[PDB]
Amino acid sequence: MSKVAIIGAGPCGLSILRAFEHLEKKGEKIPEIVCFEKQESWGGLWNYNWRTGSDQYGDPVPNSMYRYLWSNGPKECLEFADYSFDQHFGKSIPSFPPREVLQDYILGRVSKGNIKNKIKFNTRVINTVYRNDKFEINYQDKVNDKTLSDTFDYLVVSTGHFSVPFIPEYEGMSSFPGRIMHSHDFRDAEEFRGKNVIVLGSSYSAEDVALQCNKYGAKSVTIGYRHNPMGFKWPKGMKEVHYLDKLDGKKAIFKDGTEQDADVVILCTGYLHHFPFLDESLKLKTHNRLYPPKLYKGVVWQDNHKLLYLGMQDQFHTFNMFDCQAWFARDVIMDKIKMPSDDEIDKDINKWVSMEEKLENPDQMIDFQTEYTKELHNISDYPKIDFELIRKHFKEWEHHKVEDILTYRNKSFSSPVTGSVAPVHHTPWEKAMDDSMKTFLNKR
């Protein structure tokens, strides 16, 4: 008889709506659920949006995906246990599909029944306090420019953590005569054809953005790193150098002495966990990491067990980890899973944080998130899926990237749900200029 609020209708918010649907479909009564989504439509980061900065209502644009974006990990690692690739597509498809394809898969899982009607779109949650055993929530109806209010027994935060950019300042930016942007701003790589591009950062965004710039015709691409280089086998017109010292006109100067003509600087420097719409007492504060503290099983807010965060960990696993988290959260809301004592909660949190701090390389991290996810998987209803296969897949994928960063997307992996082997795509990724679902799925 509870009333449940969900903030965000991306993969995480959809995971929990889906978790609740499984129960309703079996005949179980479920709580009233309201899901707030600031975008026009569901899909979260998987929606492409030309917009940058803030929208027509002055709401910051949560979209970070760009044109020509392809799955950066094996799709088999993110398959839904309750909704297989074979079921959705009706045939086996390659392991690294373009964004539109995976978006289609995400929305397909939830588009058959009553989930969509539970979501309020163009609606931005702006304020949350907890009082008298209820979450009092203010939200903006954007189209009408109006503040609305309601009260809930449980609150699920699924707003992701890759939308609000962290944007550091370097010397000389005030006088740089080119574009300075964050990866969050990146939209169509053709913008930089024939240009000298500087990329700053050492993770997935730096890696992929650098490659897209080169692929879509940049004159040069130079990656700066602060601590250690990615060390991948970069294409001809690409180099990796240490630490940007300053910009001096159309000239980037690095600490290792490198001087590079620069037309654009793309800061691929990460994002903030940003929750301006939550009271300070409810607000998770953390940098991007595999296991932030104060989250029992990485989900339940330690100080308020009716506040549940989804997807807030750094990610190797994605979709099916979100599912495992969501099924867990559903079961907490349903009172199927009972919270242990305060001391046992704190002890369990410390166990995972301590392991997390000790992680030293991707193999250890992959093992860590595997064990985290598998433990979640065993406490609830989420269907059979082979996390051991997934563990192996991730490690193979890391090896592929080291082997050849240009060709890792051409590899084939087997489904941890159905066993199906992905066919090799008709077009090598390094030559695949058209990112449409149509050309991917059609022959030739």
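Each residue number is its position in the shown sequence, starting from 1.
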| said: Please compare 164 to 172 with 342 to 350 and say which has the higher mean C-alpha temperature factor in the record. | reply: 342 to 350
| message | Please compare 128 to 136 with 314 to 322 and name the stretch with the higher mean C-alpha B-factor in the deposited structure. | response | 128 to 136
| field | Top residue by Cα temperature factor, when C77, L102, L148, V156 are compared in the entry | value | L148
| field | CA B-factor placement of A422, once the chain's modelled residues are sorted into thirds | value | middle
| task | Going by the recorded CA B-factors, say which third of the chain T407 sits in, lowest, middle or highest. | result | highest
| Which third of the chain does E388 land in by C-alpha B-factor: lowest, middle or highest? | middle
| field | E207 CA temperature factor, ranked by third within the chain | value | lowest
| task | Can you work out whether the C-alpha temperature factor of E259 puts it in the lowest, middle or highest third of the chain? | result | highest
